[PDB]
Amino acid sequence: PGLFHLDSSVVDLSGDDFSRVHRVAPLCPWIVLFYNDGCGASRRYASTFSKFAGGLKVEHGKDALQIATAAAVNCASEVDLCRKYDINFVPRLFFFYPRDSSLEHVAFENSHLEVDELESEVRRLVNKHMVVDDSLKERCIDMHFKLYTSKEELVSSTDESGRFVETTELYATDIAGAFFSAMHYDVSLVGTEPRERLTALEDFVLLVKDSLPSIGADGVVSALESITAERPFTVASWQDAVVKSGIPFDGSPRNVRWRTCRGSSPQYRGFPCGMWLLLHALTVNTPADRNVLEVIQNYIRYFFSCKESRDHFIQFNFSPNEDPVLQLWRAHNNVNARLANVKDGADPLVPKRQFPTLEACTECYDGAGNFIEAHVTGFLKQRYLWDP
Ligand SMILES: Cc1cc2nc3c(=O)[nH]c(=O)nc-3n(C[C@H](O)[C@H](O)[C@H](O)COP(=O)(O)OP(=O)(O)OC[C@H]3O[C@@H](n4cnc5c(N)ncnc54)[C@H](O)[C@@H]3O)c2cc1C
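Within every chain, residues carry numbers counted from 1 in written sequence order, not necessarily those of the entry, while residues missing coordinates are excluded from display. Where side-chain values are given, they derive from all heavy atoms of the structure, hydrogens and water being excluded. Residues with missing side-chain atoms are left out of burial classes, side-chain pairs and their counts.

A.B. asks: Report on the UniProt feature "binding site: FAD" (unreviewed entry) in the protein, specifying residues and quantitative values.
C.D. replies: UniProt positions are given in the numbering used here, feature names are shortened, and annotations may be inferred rather than shown by experiment. Taking the UniProt record as the reference, the feature "binding site: FAD" (unreviewed entry) is found at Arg269, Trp276, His312, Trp329, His332, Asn333, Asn336, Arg338, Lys352 and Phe355. Helix and strand definitions follow DSSP, with helices as H or I runs of at least four residues and strands as E runs of at least two, each counted in order from the N terminus. On the secondary structure map, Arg269 appears in the loop between β7 (255-256) and α9 (271-285). Accessibility expressed as a relative area gives 22% for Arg269, which makes it partly exposed. Note on definitions: a residue-residue contact is assigned when non-hydrogen atoms from the two residues lie within 4.5 Å. Excluding anything up to four places from it in sequence, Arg269 contacts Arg43, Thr260, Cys261, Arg262, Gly263, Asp347 and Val350. From its side chain, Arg269 meets the backbone oxygen of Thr260 in a polar contact 2.8 Å long. Residue placement: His312 occurs in helix α11 (residues 307-313). Overall, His312 belongs to the partly exposed group, its relative accessible area being 31%. The cut-offs for exposure are 20% and 50% of the maximum accessible area for each residue type, with area from a 1.4 Å probe on protein chains only; residues under the lower value are buried, those over the upper are exposed, and the others partly exposed. Whenever a nitrogen or oxygen atom comes within 3.5 Å of another N or O atom, the pair is scored as a polar contact, on the condition that within protein one atom can donate a hydrogen and the other can accept it, and that pairs from neighbouring residues in sequence are kept only if both atoms are in side chains.

What follows is the structure, given as structure tokens:
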């Protein structure tokens, strides 16, 4: 799936090797966007980029710019490709060109770039690292097009879908999917070092295994002590370990299925939403004194690849005098507030209401129309109760 699979002007990279994206490809410049379909930032920025690549279809014109081709790597899947470039936070912009004497790459200082600045840059870079021909100029715009029109194929109906209704009940298969997705993808991208990260990871997984029994955390824990000097962490080995933990999610590893987190469209909600559910389920089901909020924050520190989001989250100040449950509830609501009016990159049919709504439970509100925390803390401990 990923973000650009409905857009022809952008080539989706499954691999680093450019010969196999086209014959001519290794001889042409590429502006590559690395992103994560779960990230607020990446979500929003994909607009711009699609728009930018949209301008790269011009047939016979003498713009140095028009010899470049736009491409995108999604780091929620293509973890291997991304690790190769030490990509961690996103989105991220790379200029690739042929090495004249596989490709040489150039890391963009600033990857958040307006459509023109993007153009102004790509242009500048092509001129700098290329010898700008006609023989070359037409050459690229050629394959550049065979890819465009060809990907246009891939994109009753091959479109027509239906009417959408948000599912508001909570289903384990969503919480589990979140856990699977986290271990399988997010842990994989970043690895187990340094030590502080491994620590974070162990503490989190252990806390999951204890709070949410038979979510298949046990299997994952085992995998986590398997790493040693002699058996160091590897994406291949690890992802294998996780699929065989028997985490009870729904769908295929490659494609997880959400229910409560299901959006009006595939590129909305999903993982980030499930991740929240899991975090709340943690606060409710924790054995006493594992710290939860302490642990959780520290997992988000080393495992959450959305940098805008991870940043102010690790700054929340959680005193463990009081109910983890309430506090995280507070925290998650503060976020909804922020994201409330934000139109860019959001699901049109699933708003950001302060949770729970009034229908959700009347018991939580009062005469005035504001929250009675004691009741809310009760409601959450029900809604998120984990029964196997
Ligand atoms: C820790 C964290 C920090 C994030 N920070 C940002 C950010 O800064 N910017 C950004 O764009 N995205 C951020 N995200 C992603 C974002 O929070 C949303 O999850 C996603 O962008 C859209 O969520 P949604 O509309 O599908 O429902 P979300 O609210 O995210 O999904 C949560 C689900 O859990 C329940 N829920 C909602 N609110 C509460 C609450 N108050 N208490 C208990 N349960 C609740 C509901 O069932 C809801 O459907 C963050 C995600 C996480 C996990």
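A.B. asks: Just give me the short version of the site of the ligand, but keep the residues and values in it.
C.D. replies: The nearness test applies per residue and asks whether one of its heavy atoms lies within 4 Å of the molecule or strand. The ligand sits among 23 residues. The nearest are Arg269, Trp276, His312, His332 and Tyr384. Within the side chain of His280, one N or O atom sits 3.4 Å away from a nitrogen atom of the ligand. For the area figures, the Shrake-Rupley method with a 1.4 Å probe applies, and any residue is considered shielded solely by the protein chains shown. Relative to its unbound accessible surface of 940 Å², the ligand loses 91% to contact with the protein. Mapped by element, the contributors of at least two residues to the shell around the ligand are α9, α11 and α12 (324-339). Element by element, the count of residues in the shell around the ligand is highest for α12, at seven residues. In the shell around the ligand, the residues fall into 13 nonpolar, seven polar and three charged. Residue type decides the class: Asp, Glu, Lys and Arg count as charged, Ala, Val, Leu, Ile, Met, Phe, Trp, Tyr, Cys and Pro as nonpolar, and the leftover types, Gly among them, as polar.

A.B. asks: Pulling in residues and values, what's your account of helix α8 (residues 235-243)?
C.D. replies: Those residues of α8 lying buried are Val235, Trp238, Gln239 and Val242. Relative to the axis of α8, the buried residues are bounded by an arc of 95° and lie together on one face. Structurally, α8 contributes buried residues whose contacts are with α2 (79-84), α5 (172-190) and α7 (217-226). Each C-beta atom gives one direction from the helix axis, and the arc is the one those directions make.

A.B. asks: Describe the pairing of strand β2 (residues 30-35), and please don't skip the residues or the numbers.
C.D. replies: Of all the six residues making up β2, six are buried; the element is thus mostly covered by neighbouring parts of the structure. Judged by which residues are buried, β2 turns out to be covered on both faces: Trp30, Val32 and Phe34 on one side and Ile31, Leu33 and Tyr35 on the other are all buried. Crossover handedness is defined here as right-handed if the route from the first strand over the helix to the second strand goes clockwise, with the strands pointing away from the viewer. At this point the chain moves from β2, through helix α1 (residues 40-54), to the parallel strand β3 (residues 69-74), and the crossover so formed is right-handed. Two strands are said to pair when DSSP picks up at least two bridges between them. Sheet analysis places β2 next to strand β4 (residues 92-97), joined by five bridges and oriented antiparallel. Considered in β4, the bridge of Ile31 is made with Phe95.

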